[PDB]
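Hydrogens, waters and symmetry mates are skipped; everything else that's a heavy atom, side chains included, is used. A note on names: the letters A, B, ... follow the listed sequences, proteins ahead of strands, and every chain is numbered from 1.
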Amino acid sequence: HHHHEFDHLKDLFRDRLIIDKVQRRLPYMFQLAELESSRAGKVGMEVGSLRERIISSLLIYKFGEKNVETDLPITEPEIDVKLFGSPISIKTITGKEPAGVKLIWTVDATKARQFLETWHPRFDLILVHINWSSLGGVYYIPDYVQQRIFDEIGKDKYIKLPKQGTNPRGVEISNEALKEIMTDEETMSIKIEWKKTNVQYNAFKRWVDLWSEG
Amino acid sequence: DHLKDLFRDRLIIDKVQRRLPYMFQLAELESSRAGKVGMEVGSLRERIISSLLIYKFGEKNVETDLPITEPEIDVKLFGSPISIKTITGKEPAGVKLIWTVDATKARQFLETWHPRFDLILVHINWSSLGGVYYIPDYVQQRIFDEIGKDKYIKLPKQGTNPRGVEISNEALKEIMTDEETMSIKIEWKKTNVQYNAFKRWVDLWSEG
DNA sequence: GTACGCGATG
DNA sequence: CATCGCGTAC
Ligand SMILES: [Cl-]
Ligand SMILES: [Cl-]
Ligand code: NA
Ligand code: NA
């Protein structure tokens, strides 16, 4: 179709046109996502679900709709999209460096410990490190990189349980494990300067107009 | 806060009955994956209800500038906080008062919380009958006073993977069916509407 | 009944 | 160190 771009993830990350489009436009697209996922200028966690659409759409752009399977139930653990049948986890995180990234959105103490004792990395990860007005990047972290680090340090150092007596939102990858998987030689990245654009937008207008018309 | 006006104005009621299902269907279409609806649909439904308030009562009288992580309060109407909640089913069940699963913090909530704010509860029942309910703070408080915190508030069940502290189904039934609660009946009829979530973004990648 | 998605911000 | 939003479906 007319919106097609003229180890598949390796190919994506080395494609010069993809690199240029991501560097030039990912900030703008992510800014539209946040403008649609906020209230009083504060961004909701649900922005992640919209950013995920944007990243899956990059895959469709390069590889074609026939080769990207987006039809995964929204509550599926980990896997967000498949590329030529191969599962991909997408994660997004804002900060000077990524911190506190979740592996599962479970807070119950018993279920969290069950996860710690059973989970290991299985899926290729696309991690977007957002750092507004500064430098971040998008990272392709192969399943085997995650497995290497997990094998080396063990579950008890890789996985951080929710802290009891606080109000958290899930089981996290440890900050040390995250930094190690992001910086492995076999991890690929596109660096991004997250420059903001003067784009505005009132979330309520569409709906007020639908109430008012006719 | 004049919310009773919305529930007594025949003309606005008619627009709500004719248009709420369509708008809520769009919200679901934009909050799904593989045709399964995400919890975040509630945040978009809330925007639709706040917009109804803006239309009925005026921009000047509806404050929407509340942080997205504010507990309970979603909007203010003539200065008065309003909680908006949405729920799908044959009857409303398992509705959250706070999105805390931690056992200790959930207990603390149980021990300290009481109803304070007017509630707009939207009961969605696709292809059947539901409604929009205005449940005044005083109705919630009266039921809470009669049955007590331990019958009104349901703690997250330990050893399961839930999402928060709930109003009990007993309490929800009582506040919904109270004589002083007002409602607009809604026939939740689906409309033929085509939409693809990814198209916008694929097209922007191509244009970019 | 019980499974589960999405991180930003004090 | 910590705080909090949003229910569906299975
Ligand atoms: Cl991960
Ligand atoms: Cl309530
Ligand atoms: Na994800
Ligand atoms: Na709400």
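A nucleotide of DNA chain C counts as in contact with chain A when one of its atoms lies under 4.0 Å from a heavy atom; the first and last such, 5' to 3', are C:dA3 to C:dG10.
In this structure, B:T86 reaches the D:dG7 phosphate: one of its side-chain N or O atoms is under 4.0 Å from OP1 or OP2.
Rounding to whole angstrom units, CZ of residue B:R163 and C1' of D:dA9 are separated by 13 Å. In this structure, B:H123 places its NE2 atom 14 Å from P of D:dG7, rounding to the nearest Å. Between the CD atom of B:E28 and the P atom of D:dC6 there is a distance of 17 Å, rounded to whole Å. A straight line from NZ of A:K160 to P of D:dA2 spans 8 Å, rounded to a whole angstrom. Regarding A:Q164, its CD atom lies at a distance of 17 Å from the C1' atom of D:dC1, rounded to whole Å. The distance between atom CH2 of B:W113 and atom P of D:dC4, rounded to the nearest whole Å, is 15 Å. When the P atom of D:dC6 is taken as reference, atom CD1 of A:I74 falls 17 Å away, rounded to whole Å. Put simply, CG on B:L121 is 14 Å from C1' on D:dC6, counting in whole angstrom units.
Ionic pairing of B:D74 and A:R39 is present here: one or more N-O contacts between side-chain nitrogen and carboxylate oxygen are shorter than 4.0 angstrom. Ion pairing between B:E40 and B:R47 fails under the 4.0 Å rule for side-chain N and carboxylate O. Taking the charged nitrogens against the carboxylate oxygens, B:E187 and B:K189 do have a contact shorter than 4.0 Å, which makes a salt bridge. In this structure, A:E34 does not pair ionically with A:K42, as no charged nitrogen and carboxylate oxygen lie closer than 4.0 Å.
Partners of B:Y133 by ring-ring contact (aromatic ring centres under 6.0 Å, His included), not counting sequence neighbours: none found. With sequence neighbours left out, B:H114 forms a ring-ring contact (aromatic ring centres under 6.0 Å, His included) with no residue at all. Taking A:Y201 as the reference, nothing meets the ring-ring contact (aromatic ring centres under 6.0 Å, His included) condition, with sequence neighbours excluded.
Where B:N161 and A:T166 meet DNA chain D, the nucleotide closest to each residue was compared, and A:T166 sits on the side nearer the 5' end. For the pair B:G38 and A:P168, nearest-nucleotide mapping onto DNA chain D gives the more 5' position to A:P168.
Contact check for A:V171 versus A:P162: side-chain heavy atoms found under the 4.5 Å cut-off.
Remark: the A:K191 side chain and the A:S189 side chain contain an N/O donor-acceptor pair separated by less than 3.5 Å.
Of the residues in residues 93-111 of chain A, not one places a heavy atom less than 4.0 Å from an atom of DNA chain D. Contacts between residues 39-50 of chain B and DNA chain C, counted as heavy-atom distances below 4.0 Å, involve B:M39, B:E40.
Sugar conformation at D:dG5 is north: the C1'-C2'-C3'-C4' dihedral has a positive sign, consistent with the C3'-endo side.
Distance check: B:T177 OG1 to B:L172 CG gives 9.0 Å after rounding to the nearest 0.5 Å. Here the OG atom belonging to B:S83 is positioned 9.0 Å from the CG atom belonging to B:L121, to the nearest 0.5 angstrom.
Ring geometry, A:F84 versus A:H8: the interplanar angle falls under 30°, so the pair is classed parallel (tilted spans 30 to 60°).
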